[PDB]
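Some notes on the structure that comes next.
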Amino acid sequence: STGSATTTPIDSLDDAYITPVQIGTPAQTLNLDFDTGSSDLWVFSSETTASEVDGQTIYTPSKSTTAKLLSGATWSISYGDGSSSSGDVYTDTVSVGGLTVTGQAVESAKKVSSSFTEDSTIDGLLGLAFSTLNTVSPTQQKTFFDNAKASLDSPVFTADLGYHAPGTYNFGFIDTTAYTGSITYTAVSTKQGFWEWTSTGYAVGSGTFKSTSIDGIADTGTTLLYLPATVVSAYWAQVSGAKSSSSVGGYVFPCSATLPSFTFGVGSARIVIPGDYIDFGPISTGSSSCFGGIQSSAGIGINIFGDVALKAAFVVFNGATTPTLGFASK
């Protein structure tokens, strides 16, 4: 089997992407944030504290003839941005782009933090990291991809995120029309539960490529590109007036600037992020200070190849017995 679903930016900045997901019988369609940096499929629901729901579409298990309470199971998750959610668990039928999994753990939110409530466009998350990170207790649950894998034509999914435009998540096949050149594959460590890999270096604009190993994770659920402070300083030093602002929380730059591109290495191959992809617009409405899309990872503990980097590529998440990542230009 295969599936194919369009993923759409939630706003004009590509802060995140939503993909429609069918849950239950009859189908209830929710727009979920596919997150290769976490491993829980959780949804706003009929159980979510009413004051914490503000415009989201909710899953109502009592209206699904295939929903079953997973008795005793609870979940609770905290994300790198400080947001969080928790609740109980049902199993139900879940379909993405025509690919159906029966018995998928659907984690129903009883509580969500304010950032979730405040984002009316995201009805929940669909985790695509390794199932060892799943938070369900006392019996850890499998991701949608893990459950689908055996049925897929090939044990892979691909992320093709658009810049200010829709893109595609495919399951079970590699669309050879969706990229240019060849796909370069690179080793993955699953030791931390992430799609963790080592970039071979970087360049700023038309500058020379610096060969240096950068360990990080491919994370569709993180907006920006978080890299070591040395690398980030080298990038922003090429932008007149750019500076790191402790009050804003990162590098800012004059909105009048033209940003240089940023290249990262995948083995001997190179992925070029155009300068425009690094512009996240005014820090506040009407400001002439703009927020940078490349930021330091120094306070995180890990480097994160988020959407800024991934949307410059066609990315293969290869879930073979030994997982690997593939990157192609597009």
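Residue numbers start at 1 and run along the sequence shown. Both backbone and side-chain heavy atoms feed into the values below; hydrogens, waters and symmetry mates do not.
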Problem set entry | Distance-only polar pair, side chains of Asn31 and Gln56, donor-acceptor under 3.5 Å | no

Exercise. Which word best sums up how the rings of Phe305 and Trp197 line up, parallel for under 30°, tilted for 30 to 60°, or perpendicular for over 60°?
Worked result: tilted

Exercise. Out of curiosity, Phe44 CZ to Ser108 OG, how far, rounded to the nearest 0.5 Å?
Worked result: 11.0 Å

For this session: Taking the side chain as every heavy atom from C-beta outward, state whether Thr200 and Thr198 have any pair of such atoms under 4.5 Å apart.
Result: no

Problem set entry | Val266 with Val272, same ILVMFWY side-chain cluster at under 4.5 Å | no

Exercise. Of all heavy-atom pairs between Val96 and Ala5, which one has the smallest distance, and what is that distance?
Worked result: CG1-CB, 4.0 Å

Exercise. Is there a side-chain contact between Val239 and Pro260 (heavy atoms, below 4.5 Å)?
Worked result: yes

For this session: Grab the two heavy atoms, one from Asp307 and one from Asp15, that are nearest each other, plus how far apart they are.
Result: OD2-O, 4.2 Å

Exercise. Does any non-hydrogen side-chain atom of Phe194 lie less than 4.5 Å from one of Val188?
Worked result: no

Exercise. Should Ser233 and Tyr251 be marked as a side-chain contact (heavy atoms from CB on, under 4.5 Å) after you check the CA-CA gap, both sets of side-chain angles, and the distance that decides it?
Worked result: CA-CA 9 Å; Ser233 182; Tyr251 280 90; 3.9 Å; yes

Exercise. So, the side chain of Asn134 versus the backbone of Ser39: is there a donor-acceptor pair under 3.5 Å, distance only?
Worked result: yes

Seminar exercise, completed: Only one of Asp88, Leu125, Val89, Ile77 passes side-chain contact (heavy atoms from CB on, under 4.5 Å) with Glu107, and that residue is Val89

Problem set entry | Co-membership, hydrophobic cluster, residues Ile217 and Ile300, 4.5 Å side-chain | yes

For this session: Report yes if the distance between the aromatic ring centroids of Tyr179 and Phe314 is under 6.0 Å, otherwise no.
Result: yes

Exercise. Run the side-chain contact (heavy atoms from CB on, under 4.5 Å) check on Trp236 and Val252 step by step: do they pass?
Worked result: CA-CA 9 Å; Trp236 288 110; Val252 296; over 6 Å; no

Problem set entry | Nearest-0.5 Å distance that lies between atom OG in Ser288 and atom CD1 in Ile283 | 8.5 Å

Exercise. Given side chains that start at C-beta, do those of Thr29 and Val21 come closer than 4.5 Å, heavy atoms only?
Worked result: no

For this session: Check whether the side chains of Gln295 and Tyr235 place a donor and an acceptor atom closer than 3.5 Å, and report yes or no.
Result: no

Exercise. With the 4.5 Å side-chain cut-off for hydrophobic clustering, are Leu13 and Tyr277 part of the same group?
Worked result: yes

Exercise. Given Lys311 and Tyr17, is the side-chain contact (heavy atoms from CB on, under 4.5 Å) satisfied, shown in steps?
Worked result: CA-CA 11 Å; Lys311 74 192 183 184; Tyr17 298 77; 3.3 Å; yes

Problem set entry | Single-linkage hydrophobic cluster, 4.5 Å side-chain cutoff, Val315 and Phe173 together | no

Exercise. Do the side chains of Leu70 and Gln141 get nearer than 4.5 Å, heavy atoms only?
Worked result: yes

Problem set entry | Side-chain touch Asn147/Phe144, heavy atoms, less than 4.5 angstrom | no

Exercise. Any side-chain heavy atom of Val43 sitting closer than 4.5 Å to one from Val106?
Worked result: yes

Problem set entry | Between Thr117 and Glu52, a side-chain donor and acceptor under 3.5 Å | no

Problem set entry | Any donor-acceptor N/O pair, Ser296 side chain to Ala298 backbone, under 3.5 Å | yes

Exercise. Which atom names give the shortest non-hydrogen contact between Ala129 and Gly193, and what distance separates them?
Worked result: CB-O, 3.4 Å

Problem set entry | Main-chain N/O of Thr220 paired with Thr36 side-chain donor or acceptor, under 3.5 Å | yes

Exercise. When you look at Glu47 and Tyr90, which way does the side chain to side chain donor-acceptor pair (under 3.5 Å) test go after all the steps?
Worked result: CA-CA 12 Å; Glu47 303 180 329; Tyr90 294 83; 2.7 Å; yes

Problem set entry | ILVMFWY network linking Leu69 to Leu41, side-chain heavy atoms under 4.5 angstrom | yes

Exercise. Would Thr263 and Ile273 satisfy side-chain contact (heavy atoms from CB on, under 4.5 Å), going step by step from the backbone distance to the final call?
Worked result: CA-CA 6 Å; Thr263 300; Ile273 304 170; over 6 Å; no

Problem set entry | Spacing of CD1 belonging to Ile278 relative to CZ belonging to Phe253, to within rounding of 0.5 Å | 9.0 Å

Problem set entry | No-hydrogen, no-angle side-chain donor-acceptor test under 3.5 Å, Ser64 and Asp92 | yes

Exercise. Where does the angle between the aromatic ring planes of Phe171 and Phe145 fall among parallel (under 30°), tilted (30 to 60°) and perpendicular (over 60°)?
Worked result: tilted

Exercise. When rounded to the nearest 0.5 angstrom, what distance separates CG in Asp14 from NE2 in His164?
Worked result: 5.5 Å

Exercise. Atom OG in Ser284, atom CZ in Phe291: separation rounded to 0.5 Å?
Worked result: 11.0 Å

For this session: Taking all non-hydrogen atoms of both residues into account, name the closest pair between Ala165 and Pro9 and its distance.
Result: O-CD, 3.4 Å

Exercise. Of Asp33, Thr8, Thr7, which is the lone residue that meets side-chain hydrogen bond (donor to acceptor under 3.5 Å, both in side chains) with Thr19?
Worked result: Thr7

Exercise. Should the pair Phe34 and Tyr169 be assigned to parallel (<30°), tilted (30 to 60°) or perpendicular (>60°) ring geometry?
Worked result: tilted

Problem set entry | Side-chain H-bond candidate by donor/acceptor type, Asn303 with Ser297, under 3.5 Å | yes

Exercise. For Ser247 and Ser245, does a side-chain donor sit closer than 3.5 Å to a side-chain acceptor?
Worked result: yes

Problem set entry | Criterion ring pair (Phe, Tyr, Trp, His ring centres under 6.0 Å) on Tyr59 and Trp42, from CA distance to verdict | CA-CA 10 Å; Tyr59 169 58; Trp42 74 260; over 10 Å; no

Exercise. Are side-chain heavy atoms of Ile10 and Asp119 found at a separation under 4.5 Å?
Worked result: yes

Exercise. With distance as the sole criterion, is a donor-acceptor pair present between the side chains of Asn170 and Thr168 under 3.5 Å?
Worked result: no

Problem set entry | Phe264 six-ring centre to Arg270 NZ/CZ under 6.0 Å and within 45° of normal | no

Exercise. Hey, is NZ on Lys330 packed in by over 12 heavy atoms from elsewhere, all under 6.0 Å?
Worked result: yes

Exercise. Do the side-chain N and O atoms of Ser131 and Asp146 include a donor-acceptor pair separated by under 3.5 angstrom?
Worked result: yes

Seminar exercise, completed: Closest non-hydrogen atoms of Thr143 and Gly127, given as atom of the first, atom of the second and distance, are CB-O, 3.6 Å

For this session: Take the angle between the ring planes of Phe157 and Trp195 and call it parallel below 30°, perpendicular above 60°, tilted in between.
Result: perpendicular

Seminar exercise, completed: Closest non-hydrogen contact found for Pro254 with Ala242 is CD-N, 4.0 Å

Exercise. Hey, are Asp81 and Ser83 close enough side-chain-wise for a donor-acceptor pair under 3.5 Å?
Worked result: yes

For this session: Calculate, to the nearest 0.5 Å, the distance between atoms CG and OG belonging to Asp40 and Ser76 respectively.
Result: 9.5 Å

